[PDB]
Amino acid sequence: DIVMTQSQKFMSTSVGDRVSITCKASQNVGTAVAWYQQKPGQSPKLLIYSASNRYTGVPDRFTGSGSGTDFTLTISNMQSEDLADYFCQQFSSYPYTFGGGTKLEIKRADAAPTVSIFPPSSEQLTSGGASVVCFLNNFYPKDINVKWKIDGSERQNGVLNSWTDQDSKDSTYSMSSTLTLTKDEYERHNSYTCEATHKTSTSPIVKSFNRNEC
Amino acid sequence: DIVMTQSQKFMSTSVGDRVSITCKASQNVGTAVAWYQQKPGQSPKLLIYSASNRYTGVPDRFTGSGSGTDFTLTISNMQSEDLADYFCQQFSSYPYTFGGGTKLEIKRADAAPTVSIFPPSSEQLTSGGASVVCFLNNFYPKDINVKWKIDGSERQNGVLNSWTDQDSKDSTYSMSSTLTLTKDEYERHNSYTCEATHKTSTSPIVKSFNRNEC
Amino acid sequence: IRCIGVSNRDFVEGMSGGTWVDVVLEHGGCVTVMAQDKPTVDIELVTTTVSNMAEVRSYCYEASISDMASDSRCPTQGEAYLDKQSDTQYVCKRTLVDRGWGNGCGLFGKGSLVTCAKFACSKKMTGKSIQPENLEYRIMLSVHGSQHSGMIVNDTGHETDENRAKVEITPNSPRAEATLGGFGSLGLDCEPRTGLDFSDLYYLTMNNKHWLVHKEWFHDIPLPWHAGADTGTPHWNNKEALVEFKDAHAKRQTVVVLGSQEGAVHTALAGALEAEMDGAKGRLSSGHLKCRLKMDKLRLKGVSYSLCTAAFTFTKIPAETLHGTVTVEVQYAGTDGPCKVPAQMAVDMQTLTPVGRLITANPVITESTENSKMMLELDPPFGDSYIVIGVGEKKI
Amino acid sequence: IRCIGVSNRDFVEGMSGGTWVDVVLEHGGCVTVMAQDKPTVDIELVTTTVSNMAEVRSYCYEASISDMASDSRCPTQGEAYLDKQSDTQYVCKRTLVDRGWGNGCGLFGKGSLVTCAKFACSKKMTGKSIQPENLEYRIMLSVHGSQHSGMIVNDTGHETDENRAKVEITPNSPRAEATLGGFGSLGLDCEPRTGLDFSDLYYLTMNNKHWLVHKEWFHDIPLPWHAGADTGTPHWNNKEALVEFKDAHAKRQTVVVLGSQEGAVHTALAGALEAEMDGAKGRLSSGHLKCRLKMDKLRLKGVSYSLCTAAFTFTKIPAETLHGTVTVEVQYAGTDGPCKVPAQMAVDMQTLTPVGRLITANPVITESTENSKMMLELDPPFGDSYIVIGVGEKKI
Amino acid sequence: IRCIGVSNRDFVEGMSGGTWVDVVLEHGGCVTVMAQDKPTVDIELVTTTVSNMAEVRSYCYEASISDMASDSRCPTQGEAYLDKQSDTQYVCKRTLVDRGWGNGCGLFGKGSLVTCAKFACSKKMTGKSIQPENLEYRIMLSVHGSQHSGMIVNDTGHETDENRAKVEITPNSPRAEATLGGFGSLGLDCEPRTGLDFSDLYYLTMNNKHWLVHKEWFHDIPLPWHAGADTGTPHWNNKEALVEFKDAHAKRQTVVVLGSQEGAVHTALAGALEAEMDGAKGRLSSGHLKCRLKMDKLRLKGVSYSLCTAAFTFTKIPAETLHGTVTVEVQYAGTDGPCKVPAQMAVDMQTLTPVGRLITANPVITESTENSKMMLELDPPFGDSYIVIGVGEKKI
């Protein structure tokens, strides 16, 4: 079966940029390639068919090119409505495989996260589970890494991270990072730390508390 | 007039890679996009027409996709004969503008340049001009920067750099960097240095001579 | 006025019923309405504007061919289809051709060729539809009396100076009443949708020119025609017949462009009106209308005055017009309020009896300027008659 | 052998024209050649293989429709073309339809619809061409004599064991000399290109079945047909007529699939031979050939022997065959070298006289095994008669 | 060779008149001469070149107008001539037009306008004359015998190989003796000035294309025509009729370009040969000649050889040609000095009698290479027949 590789899963762009989305077929597919865009909650919409033909109603900003194994969708003068997921698909032979997708997001000035740490609530500590929450809010770019420590020792198991979609007004991202452990383990340690690595600081932002302090 | 932007002017690829070449139109061009490949000394050859249709005789490795403003040429399972310049072109309205081109070259293991420095020949020094030559031979990748110094002071004016095409057998590049100055200035200084910055070394390769030494 | 020299003349003298006179108007000519008790009114059509047209079909004046390629499957196969047959936009013709042995394959009887060529139009000609709605007309009208004969043709003030008025008539309003200040207002009713015989005429554009075409011409013509509803990229019908793919007893099938036809369409159009346009809208000129002119309220702009004293001179001397009317300029140096001017066409001398119709109605020079001009015109008889102006011994 | 029960029988009496006997062969039947100069030779056709076929046209048994869309331009207007008309691969039909008023646009008169649908075939049927070159035949032949009647039908000794040679005949070789070891060799000449009447028969495949079709059938049939020369993606001709785009009388134009036709082609084919195939090659069965059999060198291997002693028994008892011949099995317990077996069809016994033709030629049991079998067959006269075996007082 | 697949075939039986056989040649077809006194010689015409043409008249496909101006002298007063009437190069038409009164001058009956416009042609079409002198021909000819069937169509050698020869024929030399090395030389006499019917055909060029035209067409056509003898600057004749200066009933006289005609000339030309060129000499292709072929000296090179041993194995299998001839390739593995190749079309098998004409003359494979090819062709009788090659038991 043919593999269609979109190596760039995420692209950050400014309005007005020339956006280049690449699709590489694992074998020669001629010109049998379509491009779609998809927005959340909707079915995909066809942009380009048979490599280089623009579908009716699609803005002339979109152009497909290429043949053989290498295909390109170019968006000239990118507009905010072009933020979407983009997929290629081949029709040379079954199965009619899709590329992995490229999600186009918008660039803005870098912004450091605002980080806040929350010990387990008294109500959760009746349960035998304990969650320590860090919110990392209103940052850009999306790339960020959170490292949790308990009494100096890194903890990787039990960490759950959730990200908001890029905000429609301020173009930032926010993230919750939640360390869940047993209540018994939580009460055997004092120091809890979440460390955020982000390009806006040469060293991570550190939020930490001592459980028994006020 | 419509601008077709190919933001990647140079791409390095291995045989078998999925190559993605992107073309972005400055306004919506529907599916009115062609893709060509061109080899040195030849006219371009059509690969894909109207965004997504593969021309007869073109290997099925080539597929065009996209519509609107964003077009992609995908080369699946890239072969060595696919090394070439690739261009998109739009036919939505006059002028039928081309993208800026993407030159596909082949990857190999990194290789440090072999650097050799040559003072002006006695025969050139009869002329009132003086050229100091550095050859930087058999390196990979192509990205390299040469800085010239005379008695410790950088000299930028009068430097001419020339590169060979990627070698057809060993896949390396070579470069000549020539610093030309007046004979009078050349004989007023002793130390001449060419420094080559390249990814194969953490600090540049330095070749230097003292004019009056042997 | 808006009359005289026009040389296509219609006099209508039947002002019977309550000003019910009905008149036809032709962009070439003009009809003058002369009715006892009513100043003689000159009607002429000018320009019939058409606006809010829509596109219908189109054609290709000049063909252009791009990439010719072919393949052949040798005797006993089908016609091997090129990729170019799947894109439309390419002419293709499958023919039978001998490939004998060193043509590469046994069976020397007859194979098949398929030749194809990209087909891209150059220039175009786009019909347009004209509907009776959004159809206009322009009727300028003027009244003889005696205004300055130099003003016979002017537009700078078609709504103030003299008794001129520019009347519009468009479907959703068959009637327009033109108020000529002080003469009252001429009731005017016209059938726009009837006269000009539209709905049968597509409006047609070659390069930078225009025409009109009876349908069942422009609907049936043998050229490549775009579907006309979408301008994004041409997806043609036809395609052939501006491109002749022809072969000669051999391995070849050739293809020819035909070198536009733009000369044909011209030499083809005959008995089609010329037309011009100033953008979205366009102005034909061929007149037809049926206008029932209501003469009801017209006040004599020359009653209850004295007779202008004695001091009449000819300027430029009289002349004969076309159907036989005579025009006169007279400059009354008599310094008086706006006053009536006696004129009589008399056959003879002494007892000056009126002879022949005087059609200016009542010439009344309106100025205080002490030197004025009035152009009155009248149709005398055949026999050597006199034109006479004035009542005093100084009459000329 | 390769005979008897086959029930379609042809006896050819010959040994005159120097073995010039000419014979026809039909996959149903078999002809036995009886010639005094020869042992009686049994010829039968088996399978006529065809190889190296090529594809010609193809069709769509089962249509499938994908995306139906339409647009309309209101009143007179070059049916607004959808984008789907530029890709081929889409059926499209432009029809006239009333759009009145609240259909959105004045003149609720007659407008135009253009409906289009992607058209993608399901399954297929692909004709194939058969040419006289690369045509084969298979003729198995055997010789009566007396081999073991249980061997009447076998294909293990196709290349060994008494009479039983498998002869190939293909164009570039009308002749093959079949060497039946010890009987000499039967000269055999056949016209492959003539008999079967090919070049008029396209080889045809529905899903997992096969046929033959006279041309001027398969060339003319009304279904969507792929051009047949390229398998990359279908670019159809036709593409209507398996899809009926029809409308009612309001605002709609609908489209229907037609639910394959695969039942039609079957019920359509009549008087078309069935066929089967193993891979790139395929095996018809309907025989026709004109074979001139050269009987020249045939050496009876049953001459210059004694007469097998007395010890004959019937095994399975005699029987009647079809056209009236009789077969006999006899097991000679006589232990002797390979020996000749006396058999005579006698009319009574008043005087043991030969009556009626004995056609096995000379039955000769070849074994040293002291117990052997020989199947000899003979056609006795009409009236009652005896079949007699042996010349000793132990004869049965 | 230079034959077979061509499908327009003429066989010309030998001539007992001493190689006096007379033959016609048509660029479409070819005639093969079969004469027992000769090896069978294949003649075909290829290209008839015309050189040293001269220009006659010319025309203007596309008119262009420049500066329109006019003046009028009012009633009594000839047509006031613009300066533009003295330069030629300007169209001018003097018409009658009403100037009434405020048109500036008394006498409202009819004046005169003179309108003029510079007239400058765009593109052109220039006839050229073709004279029987400086007319050429090209006849390629080849001889069947033995030769790699792959060489049936080639030009690389026209001056070498087996015997092909490229013969020129031009007026001042009706004859050329073509020496085919070792076969002697074919005496060839042709009437160049007669056949093609020239002197009635002007050679004609639109933009980048070509034709032929019977005179009394190109001599009479209604377009502006340059005098053709001088290229310095056009001083036209005609110059109306590609420009229509027209005007309605007013003060105006307008002028129109007509938008070339280039589409007309094409659609006008019908039944006109299209001829390509390459600079100064144009190559038509339509053949006609009367060639009396002198067969006098033709020496069969296949006499006084042995018969090539056994090792004959067809290739490409045989095939049927057009008028019914058959071609055969045979690769004689058996290697010797050039050895004659036996071939007979036999109506039987046993005793092989010659049946039907063998027309390759005497096939002789010339190589020492031990593996060679020879393409011999022959026309067997109507009924079924064998093609036979060889004399040894290994014959196929």
# chains A, B, ... in the order shown; residues from 1 in each chain; ligands from 1

call {"tool": "residues_around", "arguments": {"residues": "segment 32-34 of chain E", "least_positions_apart": "3", "cutoff": "6 Å", "atoms": "only C-alpha atoms", "output": "PyMOL selection string"}}
result
chain E and resi 11-14+40-43

call {"tool": "select_by_dssp", "arguments": {"residues": "segment 70-296 of chain E", "states": "helix (DSSP H, G or I)", "output": "VMD selection string"}}
result
chain E and resid 83 to 85 101 to 103 149 to 151 192 to 195 262 to 268

call {"tool": "closest_atom_pairs", "arguments": {"of": "chain B", "to": "chain D", "cutoff": "12 Å", "atoms": "only C-alpha atoms", "output": "CSV"}}
result
residue,atom,partner,partner_atom,distance
B:30,CA,D:83,CA,10.7
B:31,CA,D:83,CA,10.8
B:50,CA,D:87,CA,10.5
B:52,CA,D:87,CA,11.0
B:53,CA,D:87,CA,10.1
B:54,CA,D:232,CA,11.3
B:56,CA,D:232,CA,10.9
B:57,CA,D:232,CA,11.9
B:59,CA,D:232,CA,11.9
B:60,CA,D:232,CA,9.8

call {"tool": "write_last_selection", "arguments": {"atoms": "N, CA and C atoms", "output": "short mmCIF file (atom, residue, chain, number, x, y, z; two decimals), in the first residue's frame"}}
result
data_model
loop_
_atom_site.label_atom_id
_atom_site.label_comp_id
_atom_site.auth_asym_id
_atom_site.auth_seq_id
_atom_site.Cartn_x
_atom_site.Cartn_y
_atom_site.Cartn_z
N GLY B 30 -7.65 28.84 -8.05
CA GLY B 30 -8.44 27.66 -8.33
C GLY B 30 -7.58 26.41 -8.43
N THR B 31 -7.64 25.74 -9.58
CA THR B 31 -6.74 24.63 -9.87
C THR B 31 -5.83 24.92 -11.07
N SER B 50 -3.04 21.58 -14.40
CA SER B 50 -4.27 21.91 -13.70
C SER B 50 -4.33 21.25 -12.32
N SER B 52 -3.58 18.77 -10.52
CA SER B 52 -3.63 17.40 -10.02
C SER B 52 -3.59 16.34 -11.12
N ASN B 53 -3.34 16.72 -12.37
CA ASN B 53 -3.36 15.78 -13.48
C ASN B 53 -1.93 15.48 -13.92
N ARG B 54 -1.55 14.21 -13.88
CA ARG B 54 -0.19 13.82 -14.28
C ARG B 54 -0.09 13.70 -15.79
N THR B 56 1.25 12.51 -19.48
CA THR B 56 1.63 11.19 -19.98
C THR B 56 3.15 11.02 -20.00
N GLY B 57 3.60 9.81 -19.64
CA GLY B 57 5.01 9.50 -19.61
C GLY B 57 5.69 9.85 -18.31
N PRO B 59 6.56 9.52 -14.50
CA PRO B 59 6.41 8.40 -13.56
C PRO B 59 5.32 8.65 -12.53
N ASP B 60 4.64 7.57 -12.12
CA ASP B 60 3.57 7.72 -11.14
C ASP B 60 4.06 8.13 -9.76
#

call {"tool": "interface_residues", "arguments": {"of": "chain E", "to": "chain C", "cutoff": "6 Å", "atoms": "only C-alpha atoms", "output": "PyMOL selection string"}}
result
chain E and resi 5+28+100+108+150+152+258-264+321-322

call {"tool": "closest_atom_pairs", "arguments": {"of": "chain B", "to": "chain A", "cutoff": "8 Å", "atoms": "only C-alpha atoms", "output": "CSV"}}
result
residue,atom,partner,partner_atom,distance
B:3,CA,A:76,CA,7.5
B:4,CA,A:76,CA,6.8
B:5,CA,A:18,CA,5.8
B:6,CA,A:20,CA,7.1
B:7,CA,A:20,CA,7.0
B:16,CA,A:26,CA,7.3
B:17,CA,A:24,CA,7.2
B:18,CA,A:24,CA,3.5
B:19,CA,A:70,CA,4.5
B:20,CA,A:22,CA,3.5
B:21,CA,A:72,CA,4.4
B:22,CA,A:72,CA,3.7
B:23,CA,A:74,CA,3.6
B:24,CA,A:74,CA,3.0
B:25,CA,A:76,CA,3.6
B:26,CA,A:76,CA,3.7
B:27,CA,A:61,CA,3.5
B:28,CA,A:60,CA,1.1
B:29,CA,A:60,CA,2.8
B:30,CA,A:54,CA,3.6
B:31,CA,A:54,CA,2.2
B:32,CA,A:53,CA,5.6
B:33,CA,A:52,CA,5.1
B:34,CA,A:65,CA,6.0
B:35,CA,A:65,CA,5.1
B:36,CA,A:66,CA,7.6
B:47,CA,A:67,CA,5.5
B:48,CA,A:67,CA,5.4
B:49,CA,A:52,CA,5.5
B:50,CA,A:53,CA,3.8
B:51,CA,A:52,CA,0.5
B:52,CA,A:51,CA,2.1
B:53,CA,A:50,CA,4.3
B:54,CA,A:31,CA,3.7
B:55,CA,A:31,CA,7.4
B:58,CA,A:30,CA,6.5
B:59,CA,A:68,CA,5.3
B:60,CA,A:30,CA,3.2
B:61,CA,A:28,CA,1.9
B:62,CA,A:68,CA,1.1
B:63,CA,A:67,CA,3.5
B:64,CA,A:51,CA,2.6
B:65,CA,A:51,CA,3.2
B:66,CA,A:48,CA,3.5
B:67,CA,A:48,CA,3.5
B:68,CA,A:62,CA,2.8
B:69,CA,A:62,CA,1.4
B:70,CA,A:74,CA,2.9
B:71,CA,A:73,CA,2.4
B:72,CA,A:72,CA,1.3
B:73,CA,A:71,CA,2.0
B:74,CA,A:70,CA,1.8
B:75,CA,A:69,CA,2.1
B:76,CA,A:69,CA,2.9
B:77,CA,A:27,CA,4.8
B:78,CA,A:69,CA,6.5
B:88,CA,A:65,CA,6.1
B:90,CA,A:63,CA,7.9
B:92,CA,A:60,CA,7.7

call {"tool": "select_by_dssp", "arguments": {"residues": "segment 11-135 of chain A", "states": "strand (DSSP E)", "output": "VMD selection string"}}
result
chain A and resid 11 to 13 19 to 25 33 to 38 45 to 49 51 to 54 60 to 67 70 to 75 85 to 90 102 to 106 114 to 118 129 to 135

call {"tool": "residues_around", "arguments": {"residues": "residue 213 of chain C", "least_positions_apart": "2", "cutoff": "10 Å", "atoms": "only C-alpha atoms", "output": "MDAnalysis selection string"}}
result
chainID C and resid 127 200:204 210:211 215:219 269:274

call {"tool": "atom_distance", "arguments": {"atom1": "atom CA of residue 381 of chain C", "atom2": "atom CA of residue 24 of chain C"}}
result
27.5 Å
